[PDB]
């Protein structure tokens, strides 16, 4: 078994530019470093600009989690100027965000994560009749042998061309000891990967119905939204049809596949756990009360879910000691600093362009596992029902959630819960219009001096944008992004970040093809343009 270093650079099937370094001893990871290798400096660029312009710049933090930063910046400036947006603006903003979750998580599972678990080439060996019986046993949607043979025939032609394209040099080519699925399950997953390529077009289109376009929506303003056409029955019906189809795919395709893969990889309940969790809540009734959100905020330390702590936004500090910025002083983001200073890999013990956010000094996982576990522990009835059903189907106890497998399952749970909740929000929105409320934007005034903060729980977790307005301009603007929490480096107390800590203990069967490292890293759904900005 292997002892020595392993470097994965680039980590593919993420957003952005990540280098993972590990030290392996006798076949298990004993140390890890998360190195983000692109900086853009959007916070520097924003200084001095009109606060109304911020959302347009910050949306370009990330086009995978598109919309989320426009929403965070608009919430931030809304908050700074003290505007209470109309009910319909909250509904429309919430509906577009719900649609973003569905798009993002579907694409993550199939197009980013699944090639760590699915040997596409082994699908060529499959018996399509057996595969169809399996597929039809796990879903109410019935699949026939001919349906899957059509996929197998297309794949065969592609592989026999010799041009493997995105599968070139895959870790599974020729077989790999860490790839466990049978040919039939590989064929089912491959068929659904291909189906998801077309389904995600619809899921993204749902955002454009109200939000102009995807990627990079263009319907938010300080004070509300601009899309008067979103009040019309025709646009609402268009959104509703796309949502319904997307939800059917979640319920009938994604969740069953997630469960069939998780059952085959149950050993992955043993790896990739973390200690502490933070979440901001999402889908407000009241833009100024996080506790009015469908998912509520909370903080948990050392897996102590009986003692959820309230979220105190003043307990966030972003460290730079192990990052490529000047000095070593952590800052709260209303006093944030973005002062690049590169020292190369491990120069002066610095190894990333991400800052290292800490909450009360602790490294915090954020994202679906945090949102799901915290909501479960707050008694959220929909999250409890789906989570319990998933654990029962897999035949595991709640402890299994603290793992790479658990995190992957939580992403599915979140998707299912949000898919259902979008229908509730949609009905509430219709009901509001029917009462005669046709207002979508409220007037406001720019203060010369103000502070503001906006909170979004994005697909990867707790996103916050922080503004200091001075002379009516951007004095300071700081983004603290979910992947910054999860994938940032060590802090000035030398505490490993969640991704780094989670990698300790990872087995590596073949150091040339370290798929186990990818499985854990991908389970966090890294977004490095987000983390660094």
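Residue numbers count along the first chain shown, from 1.
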Assert higher mean C-alpha B factor (138-146 or 84-92, deposited values) equals 138-146
Higher-B stretch (mean Cα B-factor, as the entry records it), 434-442 or 94-102: 434-442
Highest CA temperature factor in the entry: which of 215, 333, 177, 459? 177
Choose from 282, 365, 78, 182 the residue with the greatest Cα B-factor as stated in the PDB record. 182
Lowest, middle or highest third: where is residue 73 by Cα B-factor in its chain? lowest
Residue 510: CA B-factor among chain residues, third -> highest
Please place residue 47 in the lowest, middle or highest third of its chain by C-alpha B factor as given in the entry. middle
Sorting the chain's modelled residues by C-alpha B-factor, tell me whether residue 53 ends up in the lowest, middle or highest third. lowest
Residue 190 by Cα B-factor - lowest, middle or highest third of the modelled chain: middle
